[PDB]
Amino acid sequence: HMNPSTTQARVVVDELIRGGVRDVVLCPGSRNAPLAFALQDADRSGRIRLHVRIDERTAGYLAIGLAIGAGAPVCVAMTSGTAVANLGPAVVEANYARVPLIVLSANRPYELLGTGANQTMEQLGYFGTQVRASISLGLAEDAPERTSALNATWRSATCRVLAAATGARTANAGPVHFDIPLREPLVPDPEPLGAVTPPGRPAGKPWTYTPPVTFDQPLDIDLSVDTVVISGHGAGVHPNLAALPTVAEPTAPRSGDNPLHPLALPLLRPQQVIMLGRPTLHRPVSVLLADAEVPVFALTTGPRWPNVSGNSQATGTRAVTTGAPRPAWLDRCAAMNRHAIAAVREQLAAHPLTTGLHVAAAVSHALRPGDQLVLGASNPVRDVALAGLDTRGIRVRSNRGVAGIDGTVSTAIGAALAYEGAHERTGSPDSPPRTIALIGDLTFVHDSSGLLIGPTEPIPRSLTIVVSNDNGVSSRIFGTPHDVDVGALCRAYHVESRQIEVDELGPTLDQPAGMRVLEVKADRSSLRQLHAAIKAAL
Amino acid sequence: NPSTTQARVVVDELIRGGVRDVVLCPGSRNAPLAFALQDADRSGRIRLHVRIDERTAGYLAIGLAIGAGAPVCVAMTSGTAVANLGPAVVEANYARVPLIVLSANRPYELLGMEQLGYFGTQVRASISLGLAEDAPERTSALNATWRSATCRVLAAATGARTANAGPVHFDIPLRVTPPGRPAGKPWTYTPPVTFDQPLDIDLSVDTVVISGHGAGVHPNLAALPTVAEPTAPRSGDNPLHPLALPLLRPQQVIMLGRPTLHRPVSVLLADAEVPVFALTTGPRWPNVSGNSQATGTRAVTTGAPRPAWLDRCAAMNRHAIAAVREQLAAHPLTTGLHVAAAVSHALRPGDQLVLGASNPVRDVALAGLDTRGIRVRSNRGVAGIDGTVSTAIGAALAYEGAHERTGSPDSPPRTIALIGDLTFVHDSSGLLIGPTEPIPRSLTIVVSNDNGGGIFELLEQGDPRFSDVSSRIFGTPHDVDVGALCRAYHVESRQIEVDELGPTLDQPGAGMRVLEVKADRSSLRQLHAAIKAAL
Amino acid sequence: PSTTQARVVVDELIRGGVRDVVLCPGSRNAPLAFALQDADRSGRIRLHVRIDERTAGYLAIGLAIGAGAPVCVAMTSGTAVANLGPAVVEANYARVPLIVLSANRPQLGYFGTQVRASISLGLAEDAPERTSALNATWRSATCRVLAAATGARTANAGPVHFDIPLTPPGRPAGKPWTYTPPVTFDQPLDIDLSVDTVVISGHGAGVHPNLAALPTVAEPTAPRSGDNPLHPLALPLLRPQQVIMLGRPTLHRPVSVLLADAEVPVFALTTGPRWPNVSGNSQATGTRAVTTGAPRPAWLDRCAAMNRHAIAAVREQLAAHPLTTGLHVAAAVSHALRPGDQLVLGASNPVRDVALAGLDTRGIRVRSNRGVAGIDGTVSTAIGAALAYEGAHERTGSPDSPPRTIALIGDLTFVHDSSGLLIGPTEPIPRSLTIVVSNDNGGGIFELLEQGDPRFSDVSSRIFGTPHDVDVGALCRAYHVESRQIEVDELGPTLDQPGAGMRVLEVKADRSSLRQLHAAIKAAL
Amino acid sequence: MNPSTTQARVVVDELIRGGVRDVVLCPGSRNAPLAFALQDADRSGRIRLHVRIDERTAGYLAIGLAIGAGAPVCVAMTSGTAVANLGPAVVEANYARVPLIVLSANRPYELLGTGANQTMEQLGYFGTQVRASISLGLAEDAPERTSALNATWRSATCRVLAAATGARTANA
Ligand SMILES: Cc1ncc(C[n+]2csc(CCOP(=O)(O)OP(=O)(O)O)c2C)c(N)n1
Ligand SMILES: Cc1ncc(C[n+]2csc(CCOP(=O)(O)OP(=O)(O)O)c2C)c(N)n1
Ligand SMILES: O=C(O)c1cc(O)c2ccccc2c1O
Ligand SMILES: O=C(O)c1cc(O)c2ccccc2c1O
Ligand SMILES: [Cl-]
Ligand SMILES: [Cl-]
Ligand SMILES: [Cl-]
Ligand SMILES: [Mg+2]
Ligand SMILES: [Mg+2]
């Protein structure tokens, strides 16, 4: 015989594994001990990798990283009370970035809500419309005669949680709140007088199998009309559009070989626009989408479609193309793209001081096919886009959902861990692929506690964090530098760090060292002149 | 620009309502009342605090409000502000902290702020002002409407009518200053209500008082044996050690406030043979077991405790105190209980004490802290380990500000925080205060560092049969260099031994310093079992 | 400024397929009511005014399920949100495109859980230097509302809250501002038909040609996929090894017992992203089946034998029973239907008894509020269903009278929504709607439940039966509606007789013998 | 003794001790345990039962029963739109401060989302219009804990009554 809380936790953990969950983030507590015990045992048998963290807020962004690194649903488990509320920021990010994040909260029994019990709040529903679903398991009953029926109901609810999070039937992945009320006894009973977990379906199959869904919405587009493609976060790959001039955000997957620099778009006159994904980065892009005279055709992978344009003529998922672009239009767009690249290149060289744009250019040139790049959503993504990075053959991650500074370090760490984990499944005996992160100093200092990894927890094998330190009424905290020593922060969290120059950045990134932080000074003073010089050069 | 005029009307009425501190974070949107708050800051009518981390900003506001009992405003500015403020707002609801959350929505924008679901369940009120309309003739009527909504917001936050203080959402939408009542009086005067529910209690029945967070002060119960949590204001001279409770058989329990500590208390409160009388200061009342027989706000007492009962309680109290003292001395390694004892013996009348969750708030009550003359703060609302550093900082700032505004030439009184290492790791970023922002002048954070969560060694998951599995999932060692952490944030820090803790606290240092004491948690369970065996 | 914002929104809703709007008088939504009034006088939209806001919601449900079109309801009061609650819940669960229009001059929890979207336009600012950008913003948002309501991109139609807080053209050729092709939601399931399989199809099911040969228990609202029906009462006489469940089945305890059987795998095929699993035995979900094998001939033989046995045991035990019951009235209405008719069923016994009588749904359109299975709103639902259905036949222009809409409801249901018969003289009235009322003076379904056991005979009269003694005939005449008390035998001929646009036919029925009649049918199987 | 019946009999008894003299009942299958326990209390003269068919009109009947003499009044109904029909009466009871206890039966909460018949998001439907939204635990079959389940059930009933009558908030 097994106590009810232990049985329920072992069933849930088993069904989550069968649904593709490979990594679980756990935060310590007493009320979530049943989940903790069952997760620890699955990690001892090698069925999942467990990542323990102390701060639930940054642990939520770690889980986002573990999910975007390879595309698998990731659970984060914590105790009752403000621990659940600390997942707020990650849940908002995962909502707008469509990240399959399962928030697995332990709770007191609902009967205690309103009694004044310790560490108990209104947990179910806390996340509102940010989550794709708020699902509660029932309090586990002590009914050995009903063991088979309770197993079917727990595994079915778990599959609903997994389906809603991965978007298996909605094509709209996102975060899910899975709340589990738990009561004493919370620790497993003596194992000699123990029992076996109620089994699932045979052959490691999910309890409710849901096969791959196809969400199809064709759209007719005449490509002979002068067309530009603008691809943002969450865009899909469209091979029938690969020839068109394309302004692509760094995180957007590239369809073709005809890039168009974002600075070139204002100097051209497209007659119609194809919007892929959710573009938000570039401001001239936003200017063109506000232009009411230019028809916009939106192509999304899911049912959500962006509000970035008011003259959206149609929304679909793929294009049924008629015609071909004027060769003179392709020539003009290619000509302007080269002009914009040269203008950026020349003005960086003419600039004396090293700026953040220089570091971004230096990181972009040091990337090799197969690398993963993680970018802070402030200046790093804009700077890499102005530098003209070729994203083909590399995977680029960034928290573009709400583009916050919270959790950027933890996201890079998680993405590096999932990326390296997927490289072992291929059975290859090579070295793990590189993960390079480029983040600002203010972002790094704000999520420096994301560097904290207990001595027994997984550490990324090939992660390098490049910190572009530019030392910068509510804006009066930027009137002075924050003055924090990046080296001191790294020592506090036992992390190797080096201060280097932009010339050294390339050759130092090629040195094969676990996790490390590479700090590069830059100047914010001259940035306004450099950007003004680039615009005058066009 | 009427929107600018509106902001000065609200800020002025907020200052008339008792607001002395506002917390801001930079964000995409202009802050609600940002420039009116800036004008008020330079003129000395209000004090601004700016932070980058919105989570630590919320908990700083909680500290500013519990340090002296004043309402405090927090100014949201971004699309992450609601999610990051959630923890502080939840804690303000359960600890009854007057917290005003200022927001600035756009009614000309299309909808359908990144709102979650907690605003509905956590706040006392949700008041919007309405768009500032241009009308030079209705300026005296608009002034009255804006100042009435502001007085209503402060009343809901402080519980002026409900006796249930808590957080309030105040929205001021955006697309000289008109005057208020004379002598700086608020627009709408509401006397702080008196909430009265007298209850009959016979004190001849063997009775114990158990007072928790939010407990009132009761002079007619002063003689009874009393198990008081650290945050409860004391009203008697007859304290009863929490470890003495299971050595007695009370026939009656008076519960003051909301108790959350000591499983011996929970066992006694759940015993259906022992009537429990709940005396609370607000409308809510605790009933975790279902054994709360009656509720009230004050006791109408008949009789007095039997002299033999008081003698029995005092004898068991002396056995409990001796067991804790003798077993602490006979134990080689320093634990958090040793650290808590040293801090307790170092406090002086007038000190403010801030206690983190986990073992520190329990250990101080096991050491027998005398709380009279002392101000004790702790986030017992939801017992989170998040935001405790910023709560201490805010509590010190508000506490020092009240002493400064009495004009006493003496140095500001001390605020001493006692927190675990995970608690410090959780909110270490709360230490980053820009040179422009107010910094405490007498805040000392004592960090009892046992490299993980020591309380789990004392629970069921700390039983030796889990010794192979409980290190990763409960102990959670981190190996953080605390001194290196405080250096990066430019905060004075010193690692010392428990016997040096007393003298180091007695002398002053920088306005803000962190004292770290290395402690052991591998002997923690053995030390507590030996204390129980010596009772 | 707000006057042109209302006119553009109304124009885009009409371009989006809205043909009917329900409005309740009140001191609000004045500009939108004007724009709607203008379009009603222009012939672009049909306006329906009601006084009861709860009946107005269920009327809009009917106008939507009658021809599958989006329908709007305009709130104008500080009680409308509470009164539209029941209809919004029904629209959520039955996936009905209901657009609820508000106009907050600057609060229950159901809006957060029940609706597909909550969109507010924003205030109508006064800047004629940007009137072409406000035009697109208003027609884009309105296209989002229409798309969320009809499931254009989600394949999950439902209610939408559209708030316009208190004339420039659209696309040429009357097209919607943002075109969205109806989406294809596909998810194939591998099913082996050589296993002994029964199909159980409920509310919201699709049509599956590769399943037309399998024995099929179909709820009346389910569109039949083939021509091998299996009577529900035959199910406990069979031992299927596999169940294909279409849509959302909600009727028949044998069906419920079978789906709960953990030995029998269940394969759920749904037209949308939601799927049922009350038991936890759902082995897989999908939208269509990829089939191998073929059903065993012995299995088909057994099923067809139980089917005829169940049909015969019902048709004969109805003859022996002398008293007229609700099961007889359902049988009578079922044989009085011809292809092209629309049949509206109330919940409780009427929708179950029609299934026991063996109605052949082919050629008939069957409506019923199975989403939450409420006895409220059925009268106004049938009126709206008739109006929408007759409006579609009128737009084709056939040289034939409007097709018939027959409603079969219980007594309690008729008095629960009696105020749905209060239709003002200026208001559109059905032209071929006949409401048949089976009246056994109480709730006859409770006689078939555990509280209907003879050991609760002296306690179950008050709390389950609830006689009302209401004179149905007088209630209809008070509302200026034709009524006639007929017997079960004259039901058919009276129904065949073309009559007034609205007729209520009352048939007396017995419920004291209902538990005996269902036990006699059970023993004859 | 089956737990639903014991649970329903404890709640009804404690409601009566709290001053409830009138209860409005609407017919349904899911609220059978409350219906039986209420009928038993009407036969004994402890309360006066009132049966109605329409839940919307039943809520205004309970409001009348409350303002007639100033006592808390209950309205019990089944799951589904039966609760949604109490919407208009709850709104009126909120603004007029009438102690109206909406006593709703429900399918088990684990059935929410499974497509079960007559199951909706009931808990929280009324939102900000109620003084409190309290659920009892699903009655467990466990004779060892009957005394603990009694205290838990009666304490919750008292919280319902105090919030409805404003016993400690002065805001019925
Ligand atoms: C926000 C939050 N997360 C998690 C918990 C669970 N919890 C309770 S005590 C504790 C350990 C705290 O350790 P520390 O601060 O080092 O104190 P110690 O008990 O070792 O003195 C934890 C994680 C909590 N109460 N709040
Ligand atoms: C709004 C609502 N309230 C209550 C119920 C519960 N219920 C189900 S069947 C029924 C009785 C309906 O009786 P009637 O319409 O006369 O039908 P009969 O079963 O006698 O044919 C009731 C009250 C419901 N489904 N909907
Ligand atoms: O007395 C208090 O301070 C207090 C505070 C609270 O937040 C409570 C919450 C639930 C139940 C009782 C509570 C209570 O008695
Ligand atoms: O297929 C349908 O029509 C349908 C409709 C619904 O409203 C559902 C609600 C919950 C669960 C399943 C559902 C479902 O399968
Ligand atoms: Cl335990
Ligand atoms: Cl950054
Ligand atoms: Cl604690
Ligand atoms: Mg510790
Ligand atoms: Mg009837």
# chains A, B, ... in the order shown; residues from 1 in each chain; ligands from 1
>>> interface_residues(of="chain C", to="chain A", cutoff="6 Å", atoms="only C-alpha atoms", output="list in words")
residues 136, 137, 153, 154, 178, 179, 180, 183, 184, 185, 186, 187, 273, 280, 282, 283, 284 and 285 of chain C
>>> write_last_selection(atoms="N, CA and C atoms", output="PDB file, in the first residue's frame")
ATOM      1  N   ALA C 136     -10.080  51.660 -40.538  1.00  0.00           N
ATOM      2  CA  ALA C 136      -9.445  50.347 -40.597  1.00  0.00           C
ATOM      3  C   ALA C 136      -9.352  49.714 -39.216  1.00  0.00           C
ATOM      4  N   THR C 137      -9.034  50.514 -38.195  1.00  0.00           N
ATOM      5  CA  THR C 137      -8.946  49.986 -36.837  1.00  0.00           C
ATOM      6  C   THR C 137     -10.285  49.417 -36.381  1.00  0.00           C
ATOM      7  N   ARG C 153     -10.692  30.758 -37.398  1.00  0.00           N
ATOM      8  CA  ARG C 153      -9.319  30.274 -37.296  1.00  0.00           C
ATOM      9  C   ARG C 153      -9.108  29.241 -36.200  1.00  0.00           C
ATOM     10  N   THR C 154     -10.025  29.132 -35.242  1.00  0.00           N
ATOM     11  CA  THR C 154      -9.869  28.180 -34.151  1.00  0.00           C
ATOM     12  C   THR C 154     -10.689  26.913 -34.337  1.00  0.00           C
ATOM     13  N   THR C 178     -10.886  42.238 -43.320  1.00  0.00           N
ATOM     14  CA  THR C 178      -9.830  41.233 -43.254  1.00  0.00           C
ATOM     15  C   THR C 178     -10.462  39.885 -43.590  1.00  0.00           C
ATOM     16  N   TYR C 179     -10.206  39.405 -44.802  1.00  0.00           N
ATOM     17  CA  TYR C 179     -10.689  38.094 -45.209  1.00  0.00           C
ATOM     18  C   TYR C 179      -9.929  36.995 -44.478  1.00  0.00           C
ATOM     19  N   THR C 180     -10.658  35.976 -44.034  1.00  0.00           N
ATOM     20  CA  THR C 180     -10.050  34.785 -43.452  1.00  0.00           C
ATOM     21  C   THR C 180     -10.774  33.560 -43.988  1.00  0.00           C
ATOM     22  N   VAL C 183     -11.001  27.589 -41.838  1.00  0.00           N
ATOM     23  CA  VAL C 183      -9.789  26.809 -41.659  1.00  0.00           C
ATOM     24  C   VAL C 183     -10.118  25.322 -41.743  1.00  0.00           C
ATOM     25  N   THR C 184      -9.103  24.519 -42.047  1.00  0.00           N
ATOM     26  CA  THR C 184      -9.208  23.065 -42.027  1.00  0.00           C
ATOM     27  C   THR C 184      -8.399  22.537 -40.848  1.00  0.00           C
ATOM     28  N   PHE C 185      -9.091  21.911 -39.898  1.00  0.00           N
ATOM     29  CA  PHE C 185      -8.502  21.356 -38.681  1.00  0.00           C
ATOM     30  C   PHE C 185      -8.495  19.833 -38.818  1.00  0.00           C
ATOM     31  N   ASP C 186      -7.302  19.246 -38.956  1.00  0.00           N
ATOM     32  CA  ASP C 186      -7.164  17.846 -39.329  1.00  0.00           C
ATOM     33  C   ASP C 186      -6.223  17.123 -38.382  1.00  0.00           C
ATOM     34  N   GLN C 187      -6.575  15.878 -38.060  1.00  0.00           N
ATOM     35  CA  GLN C 187      -5.859  15.079 -37.076  1.00  0.00           C
ATOM     36  C   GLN C 187      -6.248  13.613 -37.234  1.00  0.00           C
ATOM     37  N   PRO C 273     -11.361  21.621 -31.319  1.00  0.00           N
ATOM     38  CA  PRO C 273     -10.199  21.293 -30.481  1.00  0.00           C
ATOM     39  C   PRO C 273     -10.533  20.721 -29.110  1.00  0.00           C
ATOM     40  N   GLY C 280     -12.197   8.952 -18.387  1.00  0.00           N
ATOM     41  CA  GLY C 280     -10.770   8.733 -18.426  1.00  0.00           C
ATOM     42  C   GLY C 280     -10.334   7.595 -19.322  1.00  0.00           C
ATOM     43  N   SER C 282     -10.724   7.576 -22.727  1.00  0.00           N
ATOM     44  CA  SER C 282     -10.439   8.010 -24.089  1.00  0.00           C
ATOM     45  C   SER C 282      -9.010   7.630 -24.449  1.00  0.00           C
ATOM     46  N   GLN C 283      -8.858   6.693 -25.385  1.00  0.00           N
ATOM     47  CA  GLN C 283      -7.534   6.220 -25.764  1.00  0.00           C
ATOM     48  C   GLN C 283      -6.861   7.130 -26.780  1.00  0.00           C
ATOM     49  N   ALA C 284      -7.640   7.860 -27.574  1.00  0.00           N
ATOM     50  CA  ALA C 284      -7.073   8.704 -28.615  1.00  0.00           C
ATOM     51  C   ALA C 284      -8.137   9.677 -29.101  1.00  0.00           C
ATOM     52  N   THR C 285      -7.683  10.825 -29.609  1.00  0.00           N
ATOM     53  CA  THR C 285      -8.548  11.852 -30.176  1.00  0.00           C
ATOM     54  C   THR C 285      -8.143  12.145 -31.616  1.00  0.00           C
TER      55      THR C 285
END
>>> interface_residues(of="chain C", to="chain B", cutoff="9 Å", atoms="only C-alpha atoms", output="number ranges by chain")
C: 106, 117-125, 137, 141, 165
>>> residues_near_ligand(ligand="ligand 6", cutoff="7 Å", atoms="only C-alpha atoms and all ligand atoms", output="number ranges by chain")
A: 375-380, 405, 439-440, 443
>>> write_last_selection(atoms="N, CA, C and O atoms", output="mmCIF file, in the first residue's frame")
data_model
loop_
_atom_site.group_PDB
_atom_site.id
_atom_site.type_symbol
_atom_site.label_atom_id
_atom_site.label_comp_id
_atom_site.auth_asym_id
_atom_site.auth_seq_id
_atom_site.Cartn_x
_atom_site.Cartn_y
_atom_site.Cartn_z
ATOM 1 N N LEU A 375 19.857 35.960 -27.211
ATOM 2 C CA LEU A 375 19.974 37.413 -27.220
ATOM 3 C C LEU A 375 19.021 38.023 -26.204
ATOM 4 O O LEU A 375 17.845 37.649 -26.152
ATOM 5 N N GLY A 376 19.528 38.961 -25.403
ATOM 6 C CA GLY A 376 18.650 39.770 -24.575
ATOM 7 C C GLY A 376 17.811 40.702 -25.433
ATOM 8 O O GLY A 376 18.295 41.297 -26.395
ATOM 9 N N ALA A 377 16.533 40.832 -25.073
ATOM 10 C CA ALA A 377 15.555 41.501 -25.925
ATOM 11 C C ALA A 377 15.675 43.022 -25.927
ATOM 12 O O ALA A 377 14.858 43.689 -26.575
ATOM 13 N N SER A 378 16.656 43.590 -25.232
ATOM 14 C CA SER A 378 16.867 45.033 -25.267
ATOM 15 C C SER A 378 17.592 45.429 -26.551
ATOM 16 O O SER A 378 17.028 45.336 -27.647
ATOM 17 N N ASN A 379 18.841 45.868 -26.422
ATOM 18 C CA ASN A 379 19.677 46.249 -27.556
ATOM 19 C C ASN A 379 20.308 45.069 -28.294
ATOM 20 O O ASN A 379 20.497 45.165 -29.516
ATOM 21 N N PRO A 380 20.682 43.964 -27.619
ATOM 22 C CA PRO A 380 21.337 42.867 -28.354
ATOM 23 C C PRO A 380 20.604 42.410 -29.609
ATOM 24 O O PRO A 380 21.254 42.188 -30.635
ATOM 25 N N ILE A 405 13.542 42.248 -19.333
ATOM 26 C CA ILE A 405 14.896 41.946 -18.869
ATOM 27 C C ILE A 405 14.922 40.840 -17.826
ATOM 28 O O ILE A 405 16.011 40.349 -17.487
ATOM 29 N N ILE A 439 24.190 39.728 -23.950
ATOM 30 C CA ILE A 439 23.246 40.459 -23.114
ATOM 31 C C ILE A 439 23.914 41.729 -22.601
ATOM 32 O O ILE A 439 25.140 41.831 -22.531
ATOM 33 N N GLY A 440 23.084 42.713 -22.251
ATOM 34 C CA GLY A 440 23.595 43.956 -21.716
ATOM 35 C C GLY A 440 23.953 43.852 -20.247
ATOM 36 O O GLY A 440 23.559 42.917 -19.548
ATOM 37 N N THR A 443 20.882 44.065 -17.890
ATOM 38 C CA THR A 443 20.174 42.792 -17.889
ATOM 39 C C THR A 443 20.939 41.745 -17.088
ATOM 40 O O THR A 443 20.356 41.023 -16.271
#
>>> interface_residues(of="chain D", to="chain A", cutoff="9 Å", atoms="only C-alpha atoms", output="ChimeraX atom specification")
/D:108-110,112-114,134-137,140-142,152,156,159
>>> write_last_selection(atoms="N, CA and C atoms", output="PDB file, in the first residue's frame")
ATOM      1  N   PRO D 108     -18.656  16.786  -9.438  1.00  0.00           N
ATOM      2  CA  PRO D 108     -17.297  16.911  -8.890  1.00  0.00           C
ATOM      3  C   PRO D 108     -16.424  17.795  -9.772  1.00  0.00           C
ATOM      4  N   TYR D 109     -15.515  18.536  -9.129  1.00  0.00           N
ATOM      5  CA  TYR D 109     -14.705  19.517  -9.846  1.00  0.00           C
ATOM      6  C   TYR D 109     -13.751  18.874 -10.845  1.00  0.00           C
ATOM      7  N   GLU D 110     -13.398  17.601 -10.646  1.00  0.00           N
ATOM      8  CA  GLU D 110     -12.547  16.903 -11.601  1.00  0.00           C
ATOM      9  C   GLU D 110     -13.270  16.599 -12.908  1.00  0.00           C
ATOM     10  N   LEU D 112     -14.999  18.944 -14.439  1.00  0.00           N
ATOM     11  CA  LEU D 112     -14.973  20.183 -15.204  1.00  0.00           C
ATOM     12  C   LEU D 112     -13.882  20.107 -16.267  1.00  0.00           C
ATOM     13  N   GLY D 113     -14.271  20.281 -17.531  1.00  0.00           N
ATOM     14  CA  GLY D 113     -13.365  20.152 -18.652  1.00  0.00           C
ATOM     15  C   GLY D 113     -13.441  18.829 -19.387  1.00  0.00           C
ATOM     16  N   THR D 114     -14.144  17.837 -18.841  1.00  0.00           N
ATOM     17  CA  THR D 114     -14.255  16.521 -19.459  1.00  0.00           C
ATOM     18  C   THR D 114     -15.447  16.399 -20.404  1.00  0.00           C
ATOM     19  N   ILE D 134     -17.617  30.055  -1.358  1.00  0.00           N
ATOM     20  CA  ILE D 134     -17.114  28.997  -0.499  1.00  0.00           C
ATOM     21  C   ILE D 134     -17.590  27.668  -1.059  1.00  0.00           C
ATOM     22  N   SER D 135     -16.679  26.709  -1.130  1.00  0.00           N
ATOM     23  CA  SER D 135     -17.000  25.347  -1.510  1.00  0.00           C
ATOM     24  C   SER D 135     -16.718  24.431  -0.330  1.00  0.00           C
ATOM     25  N   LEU D 136     -17.578  23.435  -0.147  1.00  0.00           N
ATOM     26  CA  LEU D 136     -17.261  22.333   0.746  1.00  0.00           C
ATOM     27  C   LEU D 136     -16.436  21.298   0.002  1.00  0.00           C
ATOM     28  N   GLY D 137     -15.629  20.556   0.749  1.00  0.00           N
ATOM     29  CA  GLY D 137     -14.985  19.398   0.164  1.00  0.00           C
ATOM     30  C   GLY D 137     -16.014  18.402  -0.333  1.00  0.00           C
ATOM     31  N   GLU D 140     -16.163  12.719   1.623  1.00  0.00           N
ATOM     32  CA  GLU D 140     -15.324  11.534   1.515  1.00  0.00           C
ATOM     33  C   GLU D 140     -15.928  10.392   2.316  1.00  0.00           C
ATOM     34  N   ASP D 141     -15.813   9.182   1.777  1.00  0.00           N
ATOM     35  CA  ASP D 141     -16.225   7.978   2.490  1.00  0.00           C
ATOM     36  C   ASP D 141     -15.089   7.583   3.423  1.00  0.00           C
ATOM     37  N   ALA D 142     -15.197   7.987   4.687  1.00  0.00           N
ATOM     38  CA  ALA D 142     -14.174   7.704   5.685  1.00  0.00           C
ATOM     39  C   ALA D 142     -14.767   7.807   7.083  1.00  0.00           C
ATOM     40  N   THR D 152     -15.502  20.625  10.168  1.00  0.00           N
ATOM     41  CA  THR D 152     -15.167  21.347   8.948  1.00  0.00           C
ATOM     42  C   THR D 152     -16.420  21.805   8.208  1.00  0.00           C
ATOM     43  N   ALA D 156     -17.637  25.850   7.917  1.00  0.00           N
ATOM     44  CA  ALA D 156     -17.822  26.473   6.610  1.00  0.00           C
ATOM     45  C   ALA D 156     -19.221  27.055   6.469  1.00  0.00           C
ATOM     46  N   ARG D 159     -19.279  30.350   8.207  1.00  0.00           N
ATOM     47  CA  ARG D 159     -18.646  31.395   7.406  1.00  0.00           C
ATOM     48  C   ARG D 159     -19.580  31.883   6.307  1.00  0.00           C
TER      49      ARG D 159
END
>>> residues_near_ligand(ligand="ligand 5", cutoff="6 Å", atoms="only C-alpha atoms and all ligand atoms", output="PDB file with C-alpha atoms, in the first residue's frame")
ATOM      1  CA  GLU A 184      -0.552  14.694   4.844  1.00  0.00           C
ATOM      2  CA  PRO A 185       1.126  12.230   4.814  1.00  0.00           C
ATOM      3  CA  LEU A 186       3.388  14.013   2.314  1.00  0.00           C
ATOM      4  CA  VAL A 187       6.489  11.763   2.397  1.00  0.00           C
TER       5      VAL A 187
ATOM      6  CA  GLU B 460       9.218  14.467   8.087  1.00  0.00           C
TER       7      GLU B 460
END
